[PDB]
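K.L.:
2 protein chains.
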Amino acid sequence: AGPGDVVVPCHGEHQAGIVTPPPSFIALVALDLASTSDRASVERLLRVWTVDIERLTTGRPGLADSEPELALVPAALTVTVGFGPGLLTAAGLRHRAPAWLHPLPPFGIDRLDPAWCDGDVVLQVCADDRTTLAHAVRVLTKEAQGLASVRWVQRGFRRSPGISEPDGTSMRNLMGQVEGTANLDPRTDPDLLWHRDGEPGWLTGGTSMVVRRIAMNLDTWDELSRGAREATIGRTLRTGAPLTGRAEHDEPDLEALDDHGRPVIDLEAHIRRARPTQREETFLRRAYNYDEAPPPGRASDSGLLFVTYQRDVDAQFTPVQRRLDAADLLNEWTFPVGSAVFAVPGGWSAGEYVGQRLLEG
Amino acid sequence: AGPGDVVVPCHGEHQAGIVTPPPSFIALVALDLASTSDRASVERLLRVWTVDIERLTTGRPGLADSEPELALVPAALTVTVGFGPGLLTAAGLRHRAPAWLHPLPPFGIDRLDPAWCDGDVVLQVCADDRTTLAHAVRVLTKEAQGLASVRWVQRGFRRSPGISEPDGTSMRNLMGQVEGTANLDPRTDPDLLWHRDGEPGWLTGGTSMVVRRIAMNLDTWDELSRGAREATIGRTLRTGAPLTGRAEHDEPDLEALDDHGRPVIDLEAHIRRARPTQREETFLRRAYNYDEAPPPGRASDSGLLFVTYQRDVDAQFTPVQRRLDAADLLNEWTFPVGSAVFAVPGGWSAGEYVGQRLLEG
Ligand code: HEM
Ligand code: HEM
């Protein structure tokens, strides 16, 4: 009857937690395989995780679960499994690596901290309840004991269940902006998200995942007028409308000039520079806010858990990231501190296990 | 109407966020005053914070608030202000310090990390939404820039709004236990929470606040059977009933023996050792779960944000803490890593400011 009772099916053509409507909370858990790891280790790990995913997501305790009462409220729990290149190396499956399974190239804007970078495998754990999420993470982490150890955990949030943004907007970030308006529609453009026919065959129903941890300099952001902040993005903070429109969902008019013949939306405005240049230069953004205990001598450690899904990182994401590196006003108040690329297996049915089509050989 | 629309009044005989039903999220922000601080600094700080509290809690932007749209959803926001000894020192008011305003005495069980200890002032910021909380914390922190800097921030959680525990229980902690059953009732025993007539006069309507950051060794806790975990506390994990009863709210029978003449609830069981020995040896527990990104070698960094409120720390809390130090089975799987004591001013009305009765002189 309430948001705690919601079960999201973990079985299908695709893994859940990608086109699944984003719930309130996320923990991205990157793990590194043990030095002893081989194909058999990786297989066992994926198989024990499959059991725990099928149980936890239906509000049943996991296999390595000593706190069953912490499992009984599923709260729309999803776990999405992604493989880093090191997993394929350790399994002896380099020959099955897609061309795009590698770190993003370096960019001038990068301030990458290796402790927020890479990972042999990732669990994107999402739920509408923080206790449910804490439990799921504890169970999945324990299950991997001796097979993989935690490399990093990035925690993020949106509004709570039953709490919609001011004026029913998509998501508010900690810069105070509306985020998610002009996203990839996987109902119209499924071929730009989902791997179908191509090589390698094990990625059928699967995708690629990018995680950029992008810090917001809120201290310098505070030095900008409202007008300068809106010019930076090309959309208003109140409604989330383009500078040229009245409502959130109005099409930005990138041809529109002011009385002096200057573009209304700046030549270096985020949404101009980030816009698709070709059909394929788009991706499913599925971002979350992060807000940490601040470091010595600062008020805040806030930013964006920028998670994107696309068929091919190199063809779809990287050309956009490369265009923003070259020019984007937003780069003056944001900086990437973490980068990770993962291959996401397709879904599975009762009796299968996640990544099975890969570990066949 | 939804949980986002809820306004908790910040005006009354007492500060809100103490007897206010606990909402989903908490951030305790400890700040340290600058060395150059004086009575005028402290007064200004409390006055600018009073404005921000009155605004943010009613879903209006703060004074130093450049992200107003992040303020529009109050989500039951409360801010509770506590003063550490250093605030009274800095204001030239040591002579107004109650006898109990000092760090707790040291205990054998203490593993206190100075970075989680003390603070000249604390903001307990509570809300049913994490974006609302992140915003409030950002506004209050910015407002103190040049008067006080952040010392630590402890973040915690319960279940999300509209999400109740399995079988309508009080709160589940990350040991999987029911927490909050045998708490101080301030409706029956208000004199054990609230300072009324006594010296010092400025604490009328006020209280004392203890924050213990208590780490859970979940790795060693996992080595215990269900029976051993229940024996440790003296209550069952499923229902939260005493070992001697059937339901959560049954009175524990501490005289009850098994067929072998052993006490049914262990002599060193948490709820036996923690029970009041005298009427005054009780306090309002208002605890939250903490779950951090784990340190390099470990699966989890989980524990309890143990926040308590009482008229007098020395008379009420410390004798209980001292009895648990002497013997408690739970001490084998928990350890305190942070300790802070604060004096909590009484409430205020439209046109007053928090702590005004102190800064009079
Ligand atoms: C802190 C970092 C960032 C912030 C605060 C941010 C914020 C925003 C905002 C406010 C919008 C407009 C609303 C929307 O359509 O979602 C937007 C759009 C977009 N952003 Fe970002 N963004 C950030 C980083 C990135 C990065 C690194 C990329 C890299 C590819 C990216 C790609 C996009 C794209 C493609 C759009 C849609 C543009 C359109 O077609 O109108 N963003 N972002
Ligand atoms: C991680 C640390 C701790 C855990 C997991 C924990 C857990 C619990 C649990 C499960 C209960 C039984 C349910 C209830 O009545 O609340 C309880 C009761 C209690 N705890 Fe703790 N506790 C911890 C630390 C402390 C500390 C440091 C104190 C310090 C004074 C304390 C004081 C109490 C009191 C007074 C009760 C009620 C006892 C009664 O009258 O039946 N606890 N705690």
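Chain order of the listed sequences is F and V. Count along the first sequence from 1, then add 263; that gives the number in our numbering. Count along the second sequence from 1, then add 263; that gives the number in our numbering. Even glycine gets a Cβ: it sits at the ideal position worked out from N, Cα and C.
1) Between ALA504/F and chain V, is any beta-carbon pair separated by less than 8 Å?
2) Should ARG536/F and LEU587/F be called a contact, given that it needs their Cβ atoms to be closer than 8 Å?
3) Closest Cβ-Cβ distance between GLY468/F and chain V: below 8 Å?
4) Taking 7 Å as the cut-off, is the beta-carbon of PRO284/F closer than that to any non-hydrogen atom of ligand 2?
5) Tell me whether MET479/V counts as near ligand 2, meaning its Cβ is closer than 7 Å to at least one heavy atom of that ligand.
6) Please report the Cβ distance between residue 213/V and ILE528/V, rounded to the nearest whole angstrom; I am assuming they are in contact, meaning their Cβ atoms lie under 8 Å.
7) For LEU364/V, count the other beta carbons within 10 Å of its own beta carbon; 16 or more makes it buried, fewer makes it exposed. Which is it?
8) Give me the DSSP bridge partner(s) of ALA290/V.
9) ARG421/F and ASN594/F - do their beta-carbons sit closer together than 8 Å?
10) Taking 7 Å as the cut-off, is the C-beta of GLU442/V nearer than that to any heavy atom in ligand 2?
11) Could you name the residues of the same chain whose beta carbon sits closer than 7 Å to that of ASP381/V, not counting the 5 residues immediately before and after it, in chain order?
12) Tell me the residue span of the beta strand (DSSP E) that contains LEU592/F.
13) Give a yes or no on whether the C-beta atoms belonging to residue 625/F and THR571/F are separated by under 8 Å.
14) Quick check: what's the CA-CA separation for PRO463/V versus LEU403/F?
15) For a test of the three-state rule: what should DSSP assign to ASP295/F, helix, strand or coil?
16) Does the segment 412-427 of chain V come within contact of the segment 305-316 of chain V, defined as at least 3 CB pairs closer than 8 Å?
17) Should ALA478/V and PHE370/V be called a contact, given that it needs their Cβ atoms to be closer than 8 Å?
18) Can you find a C-beta in chain F that's less than 8 Å from the C-beta of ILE281/V?
19) Counting only Cβ pairs nearer than 7 Å, list the residues of chain V close to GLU330/F.
20) According to the neighbour-count rule (16 or more other Cβ atoms, all chains shown, within 10 Å of its Cβ), is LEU568/V buried or exposed?
21) Would a check of beta-carbon distances place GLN408/V closer than 8 Å to chain F?
22) Strictly below 8 Å CB to CB, what residues from chain F border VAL342/V?
23) Label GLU442/V either buried or exposed according to how many other C-beta atoms from any shown protein chain fall within 10 Å of its C-beta, with 16 as the threshold for buried.
24) Determine the direct distance from the alpha carbon of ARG435/F to that of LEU592/F, and round the result to whole angstroms.
25) Secondary structure at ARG393/F, three-state DSSP: helix, strand or coil?
26) What is the rounded straight-line gap between the Cα of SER565/F and the Cα of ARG393/V?
27) DSSP three-state label for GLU531/V, please.
28) Quick one, are the C-beta atoms of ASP383/V and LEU350/V less than 8 Å apart?
29) Any heavy atom of ligand 1 closer than 7 Å to the CB of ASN436/F?
30) Sort out for me which residues DSSP pairs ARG435/F with in a bridge.
31) Ends of the beta strand (DSSP E) at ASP564/V?
32) Give every residue of the same chain whose Cβ lies closer than 8 Å to the Cβ of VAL416/V, excluding the five residues on either side of it in the sequence, and list them in chain order.
33) Which of helix, strand or coil does DSSP assign to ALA606/V?
34) Are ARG620/V and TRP457/V close, meaning C-beta to C-beta below 8 Å?
35) How many whole angstroms separate the CB atoms of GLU544/V and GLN579/V, which I take to be in contact at a CB cut-off of 8 Å?
36) What residues of chain F sit near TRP596/V, judged by a beta carbon separation below 8 Å?
P.N.:
According to the structure data:
1) The residue labelled residue 504/F in the question sits at position 241 within the first sequence. Chain V, which has no Cβ nearer than 8 Å to the Cβ of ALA504/F, makes this no.
2) As a position in the first sequence, residue 536/F is number 273, starting the count at 1. As a position in the first sequence, residue 587/F is number 324, starting the count at 1. In contact: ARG536/F and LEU587/F (Cβ atoms closer than 8 Å).
3) Here residue 468/F corresponds to residue number 205 of the first sequence, with the count starting at 1. Not closer than 8 Å to any Cβ of chain V, the Cβ of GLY468/F fails to qualify, so no.
4) On the first sequence, position 21 is the one that residue 284/F refers to. The answer is no for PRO284/F.
5) Numbered from its first residue, the second sequence carries residue 479/V at position 216. Yes, the beta carbon of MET479/V sits closer than 7 Å to at least one heavy atom of ligand 2.
6) Lying outside 264 to 624, the shown extent of chain V, residue 213/V is not represented and no answer is given.
7) Counting from 1 along the second sequence, the entry for residue 364/V is found at position 101. With 16 or more Cβ atoms within 10 Å of its Cβ, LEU364/V is classed as buried.
8) In the second sequence, counting from the first residue as 1, residue 290/V sits at position 27. The partner list for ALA290/V (beta bridge, DSSP) reads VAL388/V and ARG418/V.
9) Start at 1 with the first residue of the first sequence, and residue 594/F comes out as number 331. Start at 1 with the first residue of the first sequence, and residue 421/F comes out as number 158. Not in contact: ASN594/F and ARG421/F (Cβ atoms no closer than 8 Å).
10) Here residue 442/V refers to the residue found at position 179 of the second sequence. Within the cutoff, so yes.
11) Here residue 381/V refers to the residue found at position 118 when the second sequence is read from its first residue. Within the same chain, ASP381/V has close Cβ partners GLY347, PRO366 and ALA603.
12) Within the first sequence, numbered from 1, the residue matching residue 592/F stands at position 329. Note, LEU592/F: premise wrong, no beta strand (DSSP E); not H, not E.
13) Lying before the first or after the last residue shown, residue 625/F is absent from chain F, which here runs from 264 to 624.
14) Indexing the second sequence from 1 puts residue 463/V at position 200. Indexing the first sequence from 1 puts residue 403/F at position 140. If I take the Cα positions, the gap works out to 53 Å.
15) For the purposes of this step, residue 295/F is identified with residue 32 of the first sequence, where counting begins at 1. In this structure, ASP295/F counts as strand in the three-state DSSP scheme.
16) no
17) By 1-based counting over the second sequence, the position of residue 478/V is 215. By 1-based counting over the second sequence, the position of residue 370/V is 107. Not a contact, by the Cβ cut-off of 8 Å.
18) Your numbering for residue 281/V matches position 18 in the second sequence. Cβ-Cβ to chain F under 8 Å: no for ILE281/V.
19) Against the first sequence, residue 330/F aligns to sequence position 67. Simply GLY439.
20) Residue numbering aside, residue 568/V sits at position 305 when the second sequence is read from its first letter. By the 10 Å Cβ count, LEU568/V comes out buried.
21) Counting from one through the second sequence, the residue named residue 408/V turns up at place 145. At least one chain F Cβ lies under 8 Å of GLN408/V.
22) Stepping through the second sequence from its first residue, residue 342/V is reached at position 79. Simply none; closest approach about 16 Å.
23) Looking up residue 442/V in the second sequence gives position 179. Looking at its Cβ environment, which holds 16 or more other Cβ atoms inside 10 Å, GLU442/V is buried.
24) Taking the first residue of the first sequence as position 1, residue 592/F is located at position 329. Taking the first residue of the first sequence as position 1, residue 435/F is located at position 172. Spanning the two alpha carbons is a distance of roughly 20 Å.
25) As a working note, residue 393/F is residue 130 in the first sequence. Correct three-state label for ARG393/F: helix.
26) Position 302 of the first sequence, counting from 1, holds the residue named residue 565/F. Position 130 of the second sequence, counting from 1, holds the residue named residue 393/V. Their backbone Cα atoms lie some 12 Å apart in a straight line.
27) Within the second sequence, residue 531/V is the residue found at index 268, counting from 1. Of the three classes helix, strand and coil, the one that applies to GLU531/V here is coil, per DSSP.
28) As a first step, residue 383/V must be located in the second sequence, where it is residue number 120. As a first step, residue 350/V must be located in the second sequence, where it is residue number 87. Yes, the Cβ-Cβ distance between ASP383/V and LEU350/V is below 8 Å.
29) Position 173 of the first sequence, counting from 1, holds the residue named residue 436/F. Flag set: Cβ of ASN436/F near ligand 1.
30) Residue numbering aside, residue 435/F sits at position 172 when the first sequence is read from its first letter. DSSP lists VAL441/F as partners of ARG435/F.
31) Sequence index remark: in the second sequence, residue 564/V carries index 301 (1-based). Here the beta strand (DSSP E) through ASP564/V covers 564-573.
32) Position 153 of the second sequence, counting from 1, holds the residue named residue 416/V. Correct list, in chain order: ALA290, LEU291, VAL292, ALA293 and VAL400.
33) Residue numbering aside, residue 606/V sits at position 343 when the second sequence is read from its first letter. Looking at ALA606/V - three-state DSSP - the assignment turns out to be strand.
34) As a working mapping, residue 620/V is identified with position 357 in the second sequence. As a working mapping, residue 457/V is identified with position 194 in the second sequence. Contact flag unset, no.
35) As a first step, residue 544/V is located in the second sequence; it is residue number 281 there, counting from the start. As a first step, residue 579/V is located in the second sequence; it is residue number 316 there, counting from the start. Going by Cβ atoms, the distance from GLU544/V to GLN579/V rounds to 6 Å, so yes, they are a contact pair.
36) Translated into the one-based positions of the second sequence, residue 596/V becomes position 333. What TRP596/V touches in chain F: nothing, since even the nearest Cβ is about 12 Å away.
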